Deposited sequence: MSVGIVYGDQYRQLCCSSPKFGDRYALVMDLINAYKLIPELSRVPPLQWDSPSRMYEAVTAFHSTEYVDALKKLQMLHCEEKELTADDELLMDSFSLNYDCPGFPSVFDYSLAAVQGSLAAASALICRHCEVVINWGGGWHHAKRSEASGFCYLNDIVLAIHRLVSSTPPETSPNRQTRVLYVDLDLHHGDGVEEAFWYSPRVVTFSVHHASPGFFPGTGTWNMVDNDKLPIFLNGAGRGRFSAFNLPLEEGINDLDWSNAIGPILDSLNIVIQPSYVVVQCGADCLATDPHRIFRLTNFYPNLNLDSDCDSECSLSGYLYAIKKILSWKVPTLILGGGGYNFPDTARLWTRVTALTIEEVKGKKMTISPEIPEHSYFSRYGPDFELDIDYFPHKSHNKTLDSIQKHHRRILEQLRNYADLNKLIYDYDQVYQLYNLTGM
């Protein structure tokens, strides 16, 4: 079927307006365009509303009205340059709109744009216009109902998933490949068995955000959502092959047992060896990149799939990975080989890919069993609670 991608003049401007991510979205979309992939991709325009009331209703489907009000006020205050009052500082602090989530003149428009993009992508999948939609302007998994966290202000992912499950028994599998635990998305659906969340991440004492590991039992959801939240915490230094072998059987087993109506994939690029975090050692190599291995396996299920961005602080290498992810998605969905030159094509941001100007990232690659057994038990428990019938032998053999 069609492969959708979210972009537009306003969307590009708004996604490039944040001080933290700067022009990362521009580099990603321009590298995709420079490799002549845009004519293969169906443009999905960001969702717009008919009234401020309809926008509020859509955003407050997850977030509190007072939090959205505070975020709007923060944008207004940063627009008309004037110091915050003591009461303003206190209000912003109550919503964690202070330290890691500072104000800036376009903070609300930037945050809302990601929601508009991911909601439009969800709709495009629901009406069966595209089989896969990509939104490199989205993937902000940390935002909570009444709290900004990790430069995530509004949770585009939660609102997209909510729209998918609200459509016409619908089940959504969320896969979070970001370096960081997808705490916001996990928490939002903590009580739902219809939305299964799976985050693979680094966890270590004091490492953001501190969740998605032991606390000495593994929390995995509550009430009807019990056993429905999956986490694979991994130690520092893991490469393409070990990461692939760690998550491969989990993805296969989750797809087989859940039989999802939709798959939502957060594809945060901060696991790359060349990310300034310097924690994981993943690449964008395609002859194999763990990212490309995971995406190819997910797409092989032939389930309507939403692919989002997220983390990734090496902007050129994030662009190199996500261009490869967009080419692979076209190949797997349309069955059309997308030949990509090892040399970065001439375009606006060509100099940003120096000094080698190659598509492959400059890197030479060189405990899980216990997690696999635990996750196999959790998946059995999930199936037993929700009365899902599956071949226990088939799932066992995958690991």
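Residues 169-176, 224-230, 303-315, 395-402, 436-440 of the deposited sequence have no C-alpha coordinates in the model.
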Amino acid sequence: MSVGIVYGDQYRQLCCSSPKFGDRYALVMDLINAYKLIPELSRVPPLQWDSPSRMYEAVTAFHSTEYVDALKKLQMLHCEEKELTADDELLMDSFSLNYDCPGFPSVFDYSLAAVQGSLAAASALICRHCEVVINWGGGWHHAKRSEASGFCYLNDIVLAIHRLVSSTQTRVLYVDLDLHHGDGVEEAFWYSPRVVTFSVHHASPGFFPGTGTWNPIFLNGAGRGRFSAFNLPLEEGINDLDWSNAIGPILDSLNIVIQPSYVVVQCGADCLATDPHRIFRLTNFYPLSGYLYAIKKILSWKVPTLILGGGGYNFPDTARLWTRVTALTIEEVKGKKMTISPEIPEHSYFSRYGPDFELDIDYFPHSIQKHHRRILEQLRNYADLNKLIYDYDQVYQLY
From here on, numbers count along this sequence of modelled residues.
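Across the other compared structures of the same protein with both neighbouring residues present, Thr168 lacks coordinates in at least a third. Residue-level annotation: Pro249 has coordinates in all of the other entries compared, counting only those that model residues on either side of it, so it never reaches the one-third mark. Per the PDB record, of the two stretches 79-87 and 230-238, 79-87 carries the greater mean B-factor over its C-alpha atoms.
Higher average CA B factor: 96-104, of the stretches 147-155 and 96-104. Based on the entry's C-alpha B-factors, the most elevated value among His180, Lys296, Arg320, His129 belongs to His129. For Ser118, the recorded CA temperature factor ranks within the lowest third of the chain's modelled residues. Among all modelled residues in its chain, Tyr291 ranks in the lowest third by Cα B-factor. When the modelled residues of the chain are ordered by C-alpha B-factor, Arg224 sits in the highest third. Among the modelled residues of its chain, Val3 has a C-alpha B-factor that falls in the middle third, as given in the PDB entry. In this PDB entry, the Cα temperature factor of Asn314 sits in the middle third of its chain's modelled residues.
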